[PDB]
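A.B. asks: This is the structure I have questions about; it appears just below.
2 protein chains.
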Amino acid sequence: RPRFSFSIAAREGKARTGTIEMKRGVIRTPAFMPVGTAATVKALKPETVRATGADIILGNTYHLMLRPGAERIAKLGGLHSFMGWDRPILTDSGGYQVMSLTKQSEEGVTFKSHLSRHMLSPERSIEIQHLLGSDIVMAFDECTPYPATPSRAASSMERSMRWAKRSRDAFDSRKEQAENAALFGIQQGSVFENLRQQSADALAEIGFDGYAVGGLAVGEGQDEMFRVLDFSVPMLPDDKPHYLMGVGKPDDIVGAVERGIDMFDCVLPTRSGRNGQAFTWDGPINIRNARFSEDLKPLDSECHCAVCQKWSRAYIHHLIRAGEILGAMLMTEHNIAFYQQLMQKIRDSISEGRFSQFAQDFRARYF
Amino acid sequence: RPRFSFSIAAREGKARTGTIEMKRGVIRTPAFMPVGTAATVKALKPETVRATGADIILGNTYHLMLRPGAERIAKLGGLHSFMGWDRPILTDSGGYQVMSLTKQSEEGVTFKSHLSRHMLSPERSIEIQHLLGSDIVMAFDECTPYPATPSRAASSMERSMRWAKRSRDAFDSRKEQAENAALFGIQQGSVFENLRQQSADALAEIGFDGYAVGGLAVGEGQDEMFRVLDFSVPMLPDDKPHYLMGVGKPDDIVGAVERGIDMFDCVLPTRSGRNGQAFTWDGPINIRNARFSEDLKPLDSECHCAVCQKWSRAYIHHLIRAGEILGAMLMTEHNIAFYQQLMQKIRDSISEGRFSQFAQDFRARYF
Ligand SMILES: Nc1nc2cc3[nH]cnc3cc2c(=O)[nH]1
Ligand SMILES: Nc1nc2cc3[nH]cnc3cc2c(=O)[nH]1
Ligand SMILES: [Zn+2]
Ligand SMILES: [Zn+2]
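Laid out in structure tokens, this is it:
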């Protein structure tokens, strides 16, 4: 098993399907990464997350450094052993969970524990990811508040590129980390093509194992996001994975893949699942609606997840309205399973050169 | 498979071990029944409940008649299909969940929806259990507030015996129910030996498939409960199961078995599990305590449950303090597994004629 090897097996338009081989496992792309912010994919045992088809999950530097603590997790043997997930884990750098969920400077960011004072710099971010034992380390960046003026978008992108270099050097100077994990850079620049180009060029000059498109999924509509992806993704190195941070709505994913994206993550499947929203091939439904109180059909008519094989909408409706934990468990497993099935259909259609048709058929029925 | 067959395979003192064969499965006694009040054993899939070793679970007439509704569950195919548990289910009659969680009369009880007006009589209680598709139906009784004066204990017991007859007749007059389910009577009489005797005699005269000892686990100390069991259990028919309602503390169960009890139920395993209390052979521990933050040992050193095979106290400690659903899931599976292991050790020791010794050894280490 190599430290990192991304191979593209098939293409159609800007879409690609392939694999990323890492020491802890293989990642099938396009891939969807369930979110496990507090060292757990909410309401699911790791074996269940794996059973749905997930090859990798997402962790968070910000949340884990606060609770239970980076040093503590290292003392306990690492995040993998801690939570019981032995496959790849990608960790965000914290560059967004601090300004989202605080004194900023060219050195990093200091903040008040939303739950104490804590400092987070490019060097400390990379070190925390090392202590967690992350497989895919994200460069520490400074996200840009949306909407953003050209001047502000430029300043934030420029700082992010300086921090990208500091992240690269911190990562490379740590032997154990450089030889066993991978480092992804993050493109910034808001919705401005020239800034995106400058960012892409700076990142490519430094060199990374993968390139994320940051600054999206922060309030912009799908039209705008797609517009930015149209010119932004082609700027990134073609032979490396393209990761769209925070994008998860089913239709968003299909459109992003049509534009060259290989990796995704979103709290939608889990967060919405707990809120009563279930994804189906015919569009999302809210199981709390009274019309489901005596509906004996499964969440989705085609889904092959364990939830749809055993329980009815009526039962889950009852569980969610009653505030039962099993309701959260079932809704979450189904939603994550749905997302993985979507990724599988995407991968197979690209491999067979019928992805454009799949996208059309998907949209027609989903909407 | 017979409708009902209780067989005693071995005995030691007042203790007995055996089986109850029913249409939906075999119940090993002494048995512990996990509680599934809202059509779910909180935080556990039915397959997980079964995996821990449970042969039967407990449902509630009161809660289910309010949400999702008895008629609704019947329309949906019954409680078994609804929640996905195909083995025996014992349902309490509601005679305690109304006066615990309201206009009373000789006809029954009317109450305000703690969540509307609803009536509950012996006839309606038996009918609801029928609509739910309960395997073991409990007679509708009137529990006695503890402490209780002799006069009040007598009145409540007398009414309960009149209601026991009405329950018997309602059950027998419903063909489908009489041929496929079983009916258990409930002994009352508070802590008064003469009332317990009168109740036992009235119940035996009517005739039931099993006899529960009611009126305990309502605030009395263990000494008092054991004292009442000492003279109460022997009053019940020897060849039928003896069910102690609501008793679950590990030491309470061991002592109750030493006194002739065959069945138990308690929310302790589940409720306490969610509260951070984990049962171990060395006594209960509260996983929220800071001393467990870096403890890599499993919840219990000997437990063979899936939780103890994969996760550390440190991780569960983190989950519970963070309010994570997986924390509730893991704590609950372990606690229910522990309770079943306890029942297995009890059953095996009785079969081998070394139960008295097991009880001594259990208490010595647990305390
Ligand atoms: N480090 C980092 N993380 C992110 C996470 C996001 N989630 C949704 N949009 C996101 C955007 C970013 C981003 O630009 N940088
Ligand atoms: N029907 C009925 N249910 C009960 C449930 C109980 N739980 C704890 N003590 C309990 C006592 C009773 C009782 O006496 N009758
Ligand atoms: Zn499903
Ligand atoms: Zn255990």
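Chains as they are written, first to last, in the authors' numbering: chain A, 11 to 111, 115 to 128, 131 to 382; chain A', 11 to 111, 115 to 128, 131 to 382. A prime marks a further copy of an entry chain.
Note that the Cβ used here is the ideal one computed from N, Cα and C, for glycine as well.
#1: Nearest by alpha-carbon distance to A':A64: which of A':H73, A':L76, A':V51, A':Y72 is it?
#2: Assuming A':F155 and A':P137 are in contact, meaning their beta carbons sit under 8 Å apart, how far apart are those beta carbons, in whole angstroms?
#3: Taking C-beta to C-beta, are A:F92 and A:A53 nearer than 8 Å?
#4: Does the beta carbon of A':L334 come closer than 8 Å to any beta carbon on chain A?
#5: Give me the chain A' residues within the contact set of A:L89, using Cβ-Cβ distance strictly less than 7 Å, ordered along the chain.
#6: Taking buried to mean at least 16 other C-beta atoms within 10 Å of its own C-beta, is A':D297 buried or exposed?
#7: Beta-carbon within less than 8 Å of A':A19's beta-carbon, same chain only, minus the 5 sequence neighbours each way: which residues are those?
#8: Is A:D310 near ligand 3, going by C-beta to nearest heavy atom under 7 Å?
#9: Rounded to whole angstroms, what is the Cα-Cα separation between A:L147 and A':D102?
#10: With a threshold of 8 Å, are at least 3 pairs of Cβ atoms found where one atom belongs to the stretch 40-47 of chain A and the other to the stretch 322-339 of chain A'?
#11: Tell me, to the nearest whole angstrom, how far the beta carbon of A:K264 is from that of A:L283; I am working on the premise that it is less than 8 Å.
#12: Can you tell me whether A:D156 sits near ligand 3, meaning its C-beta is under 7 Å from at least one heavy atom of the ligand?
#13: I need the straight-line Cα distance from A':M358 to A':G261, nearest angstrom please.
#14: Would A:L311 pass as an interface residue toward chain A' - the criterion being a Cβ-Cβ separation below 8 Å?
#15: Got a sec, what are the start and stop residues for the alpha helix (DSSP H) A:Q192 sits in?
#16: Output the residue ranges of the beta strand (DSSP E) runs that lie fully inside the stretch 23-51 of chain A and measure 3 residues or longer, sorted by chain position.
#17: Go ahead and pull the three-state DSSP assignment for A':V262.
#18: Roughly how many angstroms separate the alpha carbons of A':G342 and A':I302, rounded to a whole number?
#19: Could you give the distance in angstroms between the alpha-carbon of A':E348 and the alpha-carbon of A':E142?
#20: Just the C-alpha distance for A:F377 and A:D267, rounded to the nearest angstrom, thanks.
#21: Assuming A:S364 is part of the alpha helix (DSSP H), what are its boundary residues?
#22: On a CA-only basis, which of A:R132, A:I276, A:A293, A:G270 is nearest A:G229? Give me that one, please.
#23: So, under 8 Å CB-CB, A:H73 and A:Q117 are touching, yes? Tell me the CB distance rounded to an integer number of Å.
#24: Mind checking whether A:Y226 and A:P252 have CB atoms under 8 Å apart?
#25: Quick check on the DSSP output: the beta strand (DSSP E) that includes A:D102 runs from which residue to which?
#26: Determine the closest residue to A:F14 out of A:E57, A:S126, A:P98, with distance taken between C-alpha atoms.
#27: Since A:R211 is in the alpha helix (DSSP H), which residue starts that stretch and which ends it?
#28: Which of helix, strand or coil does DSSP assign to A':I141?
#29: Give me whichever residues DSSP pairs with A:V122 in a beta bridge.
#30: Does any residue of chain A bring its CB to less than 8 Å from the CB of A':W326?
#31: Shortest alpha-carbon distance to A:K24 belongs to which of A:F16, A:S247, A:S308?
#32: Under 7 Å from any heavy atom of ligand 2, does the C-beta of A':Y106 make it?
#33: CA-CA distance, A:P165 and A:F207?
#34: In chain order, what residues of the same chain lie with their CB nearer than 6 Å to the CB of A:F223, ignoring the 5 residues before and after it?
#35: Would you say A:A168 and A:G204 are within 8 Å of each other, going by their C-beta atoms?
C.D. replies: This is what the structure holds:
#1: In the second sequence, counting from the first residue as 1, residue 64 of chain A' sits at position 54. Selected option, being the one with the closest Cα: A':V51.
#2: The sequence position of residue 155 of chain A' within the second sequence is 140, counting from 1. The sequence position of residue 137 of chain A' within the second sequence is 122, counting from 1. About 4 Å; that satisfies the 8 Å criterion.
#3: Against the first sequence, residue 92 of chain A aligns to sequence position 82. Against the first sequence, residue 53 of chain A aligns to sequence position 43. Not a contact, by the Cβ cut-off of 8 Å.
#4: As a first step, residue 334 of chain A' is located in the second sequence; it is residue number 319 there, counting from the start. Output row for A':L334: interface = yes.
#5: What you label residue 89 of chain A is simply residue 79 of the first sequence in a count that begins at 1. Those within 7 Å of A:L89 in chain A' number zero; the least Cβ separation is about 10 Å.
#6: Indexing the second sequence from 1 puts residue 297 of chain A' at position 282. A':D297 is exposed by the Cβ-count criterion.
#7: Along the second sequence, one-based indexing puts residue 19 of chain A' at 9. Around A':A19: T27, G28, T29, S366.
#8: Residue mapping note: residue 310 of chain A aligns to position 295 of the first sequence, counting from 1. A:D310: no, Cβ never under 7 Å from ligand 3.
#9: Within the first sequence, residue 147 of chain A is the residue found at index 132, counting from 1. Within the second sequence, residue 102 of chain A' is the residue found at index 92, counting from 1. If I take the Cα positions, the gap works out to 49 Å.
#10: no
#11: Sequence index remark: in the first sequence, residue 264 of chain A carries index 249 (1-based). Sequence index remark: in the first sequence, residue 283 of chain A carries index 268 (1-based). With a Cβ gap of about 6 Å, A:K264 and A:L283 count as contacting.
#12: In the first sequence, the residue the question calls residue 156 of chain A occupies position 141. A:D156 Cβ: outside cutoff for every heavy atom of ligand 3.
#13: As a first step, residue 358 of chain A' must be located in the second sequence, where it is residue number 343. As a first step, residue 261 of chain A' must be located in the second sequence, where it is residue number 246. Roughly 16 Å between the two C-alpha positions.
#14: Numbered from its first residue, the first sequence carries residue 311 of chain A at position 296. Chain A', which has a Cβ nearer than 8 Å to the Cβ of A:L311, makes this yes.
#15: Translated into positions along the first sequence, residue 192 of chain A becomes position 177. First-last of the alpha helix (DSSP H) with A:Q192: 190-195.
#16: 25-32, 35-39, 41-43
#17: Sequence index remark: in the second sequence, residue 262 of chain A' carries index 247 (1-based). In the structure shown, A':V262 sits in coil (DSSP, three-state: anything other than H, G, I, E or B).
#18: Here residue 342 of chain A' refers to the residue found at position 327 when the second sequence is read from its first residue. Here residue 302 of chain A' refers to the residue found at position 287 when the second sequence is read from its first residue. A':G342 and A':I302: Cα-Cα distance of roughly 10 Å.
#19: Translated into the one-based positions of the second sequence, residue 348 of chain A' becomes position 333. Translated into the one-based positions of the second sequence, residue 142 of chain A' becomes position 127. Taking the straight line from one Cα to the other gives about 33 Å.
#20: Numbered from 1 along the first sequence, position 362 holds the residue referred to as residue 377 of chain A. Numbered from 1 along the first sequence, position 252 holds the residue referred to as residue 267 of chain A. Taking the straight line joining both Cα atoms gives about 12 Å.
#21: Taking the first sequence and counting its residues from 1, the one referred to as residue 364 of chain A is at position 349. Here the alpha helix (DSSP H) through A:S364 covers 340-366.
#22: Within the first sequence, residue 229 of chain A is the residue found at index 214, counting from 1. Checking every option, the nearest Cα to that of A:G229 belongs to A:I276.
#23: Indexing the first sequence from 1 puts residue 73 of chain A at position 63. Indexing the first sequence from 1 puts residue 117 of chain A at position 104. That belief does not hold up - the Cβ atoms of A:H73 and A:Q117 are roughly 19 Å apart, past 8 Å.
#24: If you number the first sequence from 1, residue 226 of chain A lands on position 211. If you number the first sequence from 1, residue 252 of chain A lands on position 237. Their beta carbons are under 8 Å apart, which means A:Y226 touches A:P252 by this criterion.
#25: Position 92 of the first sequence holds residue 102 of chain A. It spans 99-102 - the beta strand (DSSP E) in which A:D102 sits, taken as one unbroken run.
#26: Locating residue 14 of chain A in the first sequence gives position 4, counting from the first residue. Closest option to A:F14, Cα to Cα, is A:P98.
#27: The residue you call residue 211 of chain A lines up with position 196 of the first sequence. Run containing A:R211: 208-221, per the alpha helix (DSSP H) assignment.
#28: Translated into positions along the second sequence, residue 141 of chain A' becomes position 126. Helix at A':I141.
#29: Counting from one through the first sequence, the residue named residue 122 of chain A turns up at place 109. Answer is A:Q117, A:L135.
#30: Counting from one through the second sequence, the residue named residue 326 of chain A' turns up at place 311. With 8 Å as the cut-off, A':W326 counts as an interface residue toward chain A.
#31: Mapped onto the first sequence, residue 24 of chain A falls at position 14. When only C-alpha atoms are compared, the closest one is A:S247.
#32: To locate residue 106 of chain A', count along the second sequence from 1; it is residue 96. In this structure, A':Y106 has its beta carbon less than 7 Å from a heavy atom of ligand 2.
#33: The residue labelled residue 165 of chain A in the question sits at position 150 within the first sequence. The residue labelled residue 207 of chain A in the question sits at position 192 within the first sequence. Rounded to whole angstroms, A:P165 to A:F207 spans 7 Å at the Cα level.
#34: On the first sequence, position 208 is the one that residue 223 of chain A refers to. The answer, listed in chain order, is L198, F199, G200.
#35: Translated into the one-based positions of the first sequence, residue 168 of chain A becomes position 153. Translated into the one-based positions of the first sequence, residue 204 of chain A becomes position 189. Yes, these two residues count as a Cβ contact at 8 Å.
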